[PDB]
Structures are given as C-alpha cells and as structure tokens.
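Accompanying notes for the structure given below.
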Amino acid sequence: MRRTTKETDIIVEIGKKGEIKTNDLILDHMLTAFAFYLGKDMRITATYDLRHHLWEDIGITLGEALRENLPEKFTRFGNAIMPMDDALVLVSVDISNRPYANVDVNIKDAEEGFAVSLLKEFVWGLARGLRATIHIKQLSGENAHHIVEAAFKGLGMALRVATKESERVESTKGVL
Amino acid sequence: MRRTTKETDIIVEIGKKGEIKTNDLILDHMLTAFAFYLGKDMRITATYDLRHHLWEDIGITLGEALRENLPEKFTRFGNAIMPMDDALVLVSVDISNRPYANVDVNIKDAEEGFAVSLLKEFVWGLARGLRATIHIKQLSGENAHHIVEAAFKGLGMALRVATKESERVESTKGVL
Amino acid sequence: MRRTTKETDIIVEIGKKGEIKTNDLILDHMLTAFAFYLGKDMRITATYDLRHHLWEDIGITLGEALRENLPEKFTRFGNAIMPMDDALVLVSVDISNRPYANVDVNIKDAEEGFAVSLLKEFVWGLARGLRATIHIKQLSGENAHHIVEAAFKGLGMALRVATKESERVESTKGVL
Amino acid sequence: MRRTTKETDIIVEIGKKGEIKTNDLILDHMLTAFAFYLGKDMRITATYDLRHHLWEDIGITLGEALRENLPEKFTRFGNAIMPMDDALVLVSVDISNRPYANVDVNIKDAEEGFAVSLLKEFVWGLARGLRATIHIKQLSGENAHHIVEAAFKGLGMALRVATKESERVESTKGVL
Amino acid sequence: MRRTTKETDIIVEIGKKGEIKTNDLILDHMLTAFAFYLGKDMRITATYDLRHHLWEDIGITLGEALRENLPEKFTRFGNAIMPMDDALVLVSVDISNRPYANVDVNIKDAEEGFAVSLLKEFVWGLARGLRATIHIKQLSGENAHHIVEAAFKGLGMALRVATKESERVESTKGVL
Amino acid sequence: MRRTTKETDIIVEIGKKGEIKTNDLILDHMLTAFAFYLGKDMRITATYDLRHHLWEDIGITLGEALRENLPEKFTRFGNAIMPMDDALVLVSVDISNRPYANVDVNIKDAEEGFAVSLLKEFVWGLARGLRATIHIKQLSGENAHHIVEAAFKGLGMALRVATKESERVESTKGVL
C-alpha cells in the first residue's frame, strides 16, 4: 500500500519479505521490532520532509495496511505487557472502529532520536488508520529507548492477537 | 442516511424539512439548536436502548451525513464563541480527516438530563463520523443547560463555516 | 434619544454626525472608540452629578438607542477579540432579551480616570438598556487604558456584527 | 437455576439460547456483554423490587449457575485487560473457594443508570455465589458506561479462561 | 524585496509564484503554512549562518514586504483561532504601527527543529518589520509541531483579514 | 544440577518427581507454588547456613537449571497476573540474557518468615542464573504471605510461557 502527500511518500507491504527503510534509523528499528512481534514480514520504504510527518504518516499507512489485511471476522482485542530491562509497558488494543489513543509514558533518561511527540503521533496515526482504540501505559521505567521499544514490541504482540481470525463478529451490537 | 445496530436505529437527512425526534427530549432540543445554527433543515429520527448509545450514534450518523454532504472542496476550518447567559463556550473545528475531540467543560450547577458523559460521547461520535478535530472549551459558566446548549449552538455555527464550499483543497500537504 | 433623571441628562443619537461630549474626557474617548468600531456616527451629550451615574446612564441610554435602531430580524450574536499593545480582550454579545453582564478584567497598572467600577456600570447599563448578554473577558494584559479601551473597541466590533439584519428570528424558541 | 426471595425472582440457565431480560435495561446490556465475552449462550429472566437487590441477586444466582456448570477440574485463574475508549480495566479472577471482591474504580463522568454501588454489589454477589476472588482494577478512564461495561466485558473474558477444564486440581494444597 | 546583512541574505516577493526555500526545512514548512492561509503566492529564498538569525530576519523581511504591500487604507485588525489536533492557538493582530509581540505558549512534548526561541524571534521580527501588535496565545495543547504550526496557520489567516483594503483610516486618532 | 559453596549445597533436578526440601518451610512452600504453576516436576534439596544465602543460591541454581533445560529456540517472553485474596501481583519475564530484577512490593501486614529481603534475593538470584529480566509489580494488596505467594505463583506461570519452544530466535538482533 502506498500513501503519498506533499510531505511524505510511504509504502507499507505486509507479508512481503523486504527491508524497512524509512530514512530514520530510530523508526526503522522501532518498525522492525513491531513487525517481528506482529509475526509478519514487511517491506516499508519512505521519503519525508520532517520526522513528525514521517512517524504520523507511517502510523496511518501501517494502520490502513493492517485494516486491509484484517479477516472479515477478527479477534478485535489484544494486549501485551512488555518488559525491557527497566521498562515495563502495557499495550492494550481494541480494533473498535473508534479511533482513540492514550499514550501515558514518563521518560526520565532521554535519548537522542526518541521523542514522546513522535511516539504519540505514530500511535495516533495507527489508531486513525486502523480505526482502533490504543492504550500505551508505562508501568515502570526510566530509559527512553527501552520504554519506546517496549511500546513497539508490545504493539506488535497485541496486534498479533487482535488481528487473528474469529468465528464471529466480536461485538454485542452486531457490527464492528 | 440510516445507521442501524442492535442498540440504535438512526436516520439523519440533511436538507429535508422534517422533525427532530430521538425519543430523548434533551437531545431533541440540543439537535434543534445545532441544526438551527448550522443553517440547514434536517430530519432526524431514532430509536435506542440506552441514552449513551443514542448520543454517540447520533454523533456518528450526523457526522457521516455531514461528511457525505460536503462539497469536494470545503472551507475546513470554523469557529464559534457562544455566550449563553453565564456560559461562554469556544467551539473550534477542523475537518481534518484526523478524528479527535477535546471537550473541556466545568459544570457547577447540574441539571437532570444534561451530562458531560453524553456531551462527550456525542462530540466524539461526530468527530469520528465526520472525521474531524473538535475542541469545546468552556471560557466561563456554571449552568449545565447553558454550557451544553452553548456547545451545540457553537457546533452549528462553527460547522456552518467549515462546511462551506472553497475554491481549493484546504491543506498545504495537498490532500485532506 | 434623551433620558433624563435628577442625576443625569443624556442624549444619544445614533447615525447622526456630531460630537461626543459627556463632560468626562475618558468616557468621551471610550465612546468615540465604541462608535468608530460599531461603524456609526453618533452625537452624544450629557450632564451629570457623579461619574458613576454618567457611565451607567450612558450605558442604559446607548443600549436603548441601539435597541430602537435594531432591525426587526437581527443577527443577535457578535464577538470580537481586541488586541491593544499588552491587552487582549474578548467581547462576546448575545442580544438575547436576557440582561446579563460578566466583566472579568485584571488591571495591574492603574491609570487615573479608568476604573473597573465605571467599566462594569457602563456594561451593566448597556446590557440592561439593550436587553443583552455581555461577556468581557481579559485574556492578557496589564495596562488599565489598553484593557478598557480594548473592551470598548471590542464592544463596538461585536455589536457591529450582532445588530446586522438577518433573514429570520434568530432563536429556536421562535421569539427573541 | 432459579433463586427466589421476597425481593427477587431470578432464573439463570447457562447454555440455553434465550433472552436476557431483567427489567433493568442497563443490567440487560451489561449481562449481554458478560455472556458474549464468556462465550456462552444463556437465558436470564428476573423480577425485582429495588435495583440493588436485582444486581446483587443476579450476581449470586449467576455465580451459583457458573459454579454448578464448572468441570470437576477447572483452570481456576483467568484475567482480562479490557480497553473501552478512555477506559482501561483489569479484571482478575481466581475461582478459589474464598469469596472476595475488590472493585477499585474512579468514575469522573457519571451516567444515569450506572452506579458504583450496583457494580460492587453485582461483583460481590458473583464472588459469593461462584465462591471466588475477584479484582476489578481501573487503570485508566473517566466515563461511567465505558468503565462499567469494560468491567463486564472483562469478567466474561476472565471467566472464559478460568472456567475451562483442566487436567488437575489447580491448588498446591490438593483441594479447592 | 531583499534584505542583506553579514548574517543573512533574504528575498521575499509577495504575489510571485515561486519556491519557499530557506535552507531550514522546518521554517520552509511553517512559511508554506503562513502563505497558504494568508492566501497569497510568494517566493522566499534565504541563506544564513545561524537558524535564529534566519527566523528573525525572515520575520523582519516578510513584515517589511507585507507593509510595502498594504493598501493606503487597510482593515488593521485580524484574528484567528486555529485547532491542530491537540493544539488550539489564538492569533490576534493589530497593524498598529506599535511593534509588540507576546507569544504565550506551553510546549509539553518537544520536537527537534521546533523551539520557542525561534517562534518568538520570527514573531518579534514580523511585528517589527510590519510595525504591528501580535499576540499568540495557546489555549490548549501539548505537541510542539502542532502548537507552532497552528501559530503560523493562524498568523496567515489573521493577516489575511488585517491586510485587506478599508474605506477609512482605521484609527480614532486619524493616523496609523 | 548441583551448586556448592561454603554457605549452601543445593540440588535442583527439573523433570524428576521428587521432594522440595530446603530446611526452610516458607521457601519449601514458595517453591512448591513455583513448580506447580510452571507445570514441571522437580526435586530440590538444600542445606544452608543463613536463610538469605539459601534463598539467593536457590534462585541462582534454579535459574541455571532452567537455563540448561531451555530449548535452543525459546518463546523468551512470559507474563502472569496473579490474584491471591487481597493481593494482585504482576510478574513479567524476558529471558533476555540481560540479568535484571525489579521487585516493587508494598507489604502492609507483615508475617514471620516472609521478608522482602528474601523475595528480592531469590528473584535476583533467578535473574542472574537464568540470565533474564524479571519484574514483580504489586498492583494491590496488604498481606505479606498473599503478596509473596502470588509472586511465586506468577513466576511459575510466566516461566511456563517463556520457556516453551519457538520456531525462531526471538530477537530482532538475531542472537539472545
């Protein structure tokens, strides 16, 4: 899937053997973690003007790509609790068709390239593109890289669960 | 436009002279204010199980109806500052394709039938159905009815502006 | 229009080329600002015993004069945000037939002749004579003259909007 | 199973396709969520005098019905973390034969029909009827309906796990 | 118009279709937003030593170019309230011939390339080159890019209003 | 496997049906819980001088024995949330080859034989022998025995998950 604006040009191809090359080494690493714990190969390429636009538009495109790949009847709910050294991060997803993100982190030891702004904009992008409810809740930790990487690992693991096929439409209201 | 779940059954028809009859007298009043200040006739009918499901699903259906009704090129931005006796409420809308709501109110004198829960759920529904950014920011006020009605009046006025036809795609990124 | 008591004798004639001469140089200046931003010539003359009675009775007479000049179907709502150097003042008017004034200012650097008492009594007079809801909300500023003059400039601009002719009775209740 | 007092008359039949009709529309909705996420059809009918007696006695009767339905050797432990928009609620169950409930919620935006009293009394009833340890721990959230519905969804999911057949008596002390 | 010092060399040509290329990608994006919402084509090119000198001198030069472009009699006042996701920013301009800037923002989630220092210096440069009073007041928000971009969008929209032709000298003192 | 120092002499044999007999009745009970929820038979015998050296060295030896027992490719991650009456304890494990323990508990009602010192030293021993990251985070609770026992139950359950065979090396860096 390709999404192109005047700001960014992004390809996300889920289930395809390929490199993740966004021209942002931090995001390449985070997306590698996400794909690995999701349990899917993917090819991702991007060009961009500003890193915010990249992280957001990657979130949106990835979310749309996951939505396109979603079985007609899907599990809907998935969670992960991801430790990474000092970090302990809860990730909870509901593929609800109600875009919402709540990212609650507390970075004590900052690291160049890792920013809460960028994390939040990726997650809101993902929530909007997938049309999902996403909570990221830090339970412990100080290190920026461990916290953010735990969040991406957790997103991958939670979405592994939530995107599996189900026998039914997973809502009491009869529609998702 | 009709939206039907096991919880609610809603029809919203913009531009048709008709009744607003939701079987919730508070919501009927608030929607009447909204339609009046938007400057458009509309017919709205609904059945529901619980009031929260009604307020939310009315927001969603109304938002989708407004989105369907938009000119290809639209003004995108609209604001209103709405006084109502003690209440003074700022409503700011960006038809951004990025669902978001922030409803920041402070009700001192409560009134039966008016609930922040219901206002928030309508606004989030509208933000999700229209695919828009919506801020409701109370500047002054105490009375629940004045605050909530000012918000609905302000939403009508802000959307009156934001849904008008434009000569261009109103985004520097070239797409909405 | 003339209003005469044992305390004051006031003439306000809107749409007439003339001087504003109240025998209070501060009020003459504030009224000049008001008329200029309203976009109307006016003639105003007054005699008075005490400045409070002047500012109040000018408010009342001006409000009655605006009410007499109001089209049968009028726009009802008008706002202004007026910067003046350090001052930034929001003025929001609803010609509601529900007299109410809320003047929320915070003068740090006082100036002879400018008093919150006098401002409040003018505004309450205006609200009572016009039969309107009036909010003045200081958003920024320290200087008494800039804050009060911004309020009068803003009143003029807000009433310019609110006193324009409309195609309809601007109330969902069918009466104003 | 039928439980009858001078206050309430309740039938709960697990595994029968049937209606959930308690004459309380909120509880009907919450029980529908519970049964849906438990993954079991059930028929529930009730009459009652006061809502508290209904919520409590429904908990008791449902708990007894679940206890009667358990395989001799059961999994005992089950958890769910349930997001619902702003709400994020942890539900942790141990079918311990030691009745206990701790419901730790924080409702900011109240909603008519939803009460912490009623939630607590249902959960304590369920803990006493099933003979179980039940924690409901709010991690995030403001909305009453989202919080309470997340708790019922989470209870269904947690009990789905805890009520599954096991190869052994799940206790180091050799008895449950 | 061209402005050259030992620090910077800047060309701003309002009304010419052309590139905005300052050798600062963040400023290019912000000026693109500014020009788009002002509603005028412009060509802007720059070289510079240090980003602060660029942002400031661009503000000065753009301000001078706008001043040169004004009709003899101009509207003087303009406002915008600009939402951008979480951000909600008020921009209020008075082309007063009294240089003044007050930039009141609160960035919670910082982003590389975006700095309050640079925003303030651009706005002070603009106020000084145009000879204007400029308030930027954040009402809501956390994200640096959303806040700063909302300010530039808002400046564009406010100056669109303020730079229009008027029938009169817009001052009670008879000169601007 | 056997580990002998001048302080302790410990045998841990995973997969062998046998006694857990450490000459510390509290540790015997905790290890019984651990083994039961891990789902593996084991024989553990020990002699010791001081209880701290026992708890630590048991942790080390058990960790080494688990490490020796791992398949070449293992699941790596495992979590448990364990209620025990008032206690609710999160246990999160990553068999990371990066020894780390964070035991975050809050015992209100102390009990003879149970000490935070001993729990921490067991967990650090285990993290160091297995070469793993281990978080024990109390979410609720007062009673020492319930809290500590929930931690051991949870460690068993979490390691049941983490020690299973995987089809791949579970790390984006390609080595563990």
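Labels A, B, C, D, E and F are assigned to the chains in the order they are written; within every chain, residues are numbered from 1.
We take it that a contact is a pair of C-beta atoms (placed from the backbone, for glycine too) under 8 Å apart; a residue touches a chain by one contact, two chains touch by 3 or more.
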From the options A-F, A-E or A-B, the pair that copies C-E, where over half of the contact pairs coincide: A-F
Pair of chains joined by more contacts [C-beta pairs], A-E or D-F: D-F
Distance between the centres, which are taken as Cα means, of chain F and chain B, whole angstrom: 55
Chain E and chain F, separation of their C-alpha mean positions in angstrom: 62
Centre distance in Å when chain A and chain D are each reduced to the mean of their C-alpha atoms: 32
Averaged-CA centre spacing for the pair chain D and chain B, given as whole angstrom: 36
Where chain D touches two or more other chains at once, by residue number: 29, 85
Touch list for chain E against partner chain C, complex: 77, 79, 90, 92-94, 96, 98, 100, 102, 104, 133-135, 137, 172
Chain E-touching residues of chain C, taken from the complex the two chains share: 29, 32-33, 36, 81-86, 88, 139-140, 157
Chain A-facing residues of chain E, complex: 25-26, 28-29, 85, 109-113, 143-145
Residues of chain B defined as touching chain A within the complex: 5-7, 98-100, 124, 128, 172-175
Contact footprint of chain D on chain B as seen in their complex: 49-52, 115-118, 120-121, 124
